[PDB]
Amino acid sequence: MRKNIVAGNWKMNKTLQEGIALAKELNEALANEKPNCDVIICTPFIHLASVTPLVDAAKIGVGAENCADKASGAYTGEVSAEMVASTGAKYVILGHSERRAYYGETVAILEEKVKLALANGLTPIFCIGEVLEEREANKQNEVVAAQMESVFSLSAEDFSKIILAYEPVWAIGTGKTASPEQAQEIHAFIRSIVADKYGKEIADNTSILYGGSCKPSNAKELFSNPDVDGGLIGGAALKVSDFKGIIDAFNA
């Protein structure tokens, strides 16, 4: 059955000590219940080895926010998929809109990063999404379809190992908001192109997370949509009560 998932993307926030304390605080806050979803914290590279021993692995997984497009070697400053896996992390965000925008990540580079993540037993959280000019031109479907080429070269077995996350990049800094109806529409389209590629069973087993603004006050309405399987959380990931309030949206 398709997994519901709440994954926090800490982005470039938290010193070593703050990230350790945040992970401890989140673990304490979830101690008295079994969340009705998978929960993941995606941290900067510096925290991974320090936070994996601090969280109940039956409730909280750990992810990196990126990995390199090579397995190892003369790539000063880069951190490989094998390195990420060696910390105990089981997930990696790939293709985040900030890396596409600022760091030149292309379809080909992301295709290689996904392969390396899978070769090291990591679950990619593969991000897609269109910018304001694309949304205003009604090009969102063709944009996300083109971005999915990084993962549609995978075999069916390999594709079944990945999570997708949709980012309405057009809603950043513009005052705009993707309504729950708009989120459902594009999530349904994404699932349909997965089905076109691999058939309905693979598509129906893919978790497609909403990566726009997600807060305790809007999470239940977003997640109640049939094609929205949880969230890749930004700002609310950095405050325990807000992150837990989103996790609570899946309570039975």
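The numbering used is simple: start at 1 and walk along the sequence shown.
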Using only C-alpha atoms and the B-factors in the entry, which stretch averages higher, 72-80 or 149-157?
149-157
60-68 versus 22-30 - greater average Cα B-factor per the deposited record:
22-30
Per the entry, which of 98, 167, 133, 112 tops the list for Cα B factor?
133
So, residue 53's CA B-factor, relative to its chain, sits in which third? The highest
Where the record places residue 39 (Cα B-factor, split into thirds across the chain):
middle
What third of the chain does residue 124 rank in for C-alpha temperature factor, lowest, middle or highest?
lowest
Please rank the C-alpha B-factors of the chain's modelled residues and tell me whether residue 252 sits in the lowest, middle or highest third.
highest
Residue 193: which third of its chain by C-alpha temperature factor?
middle
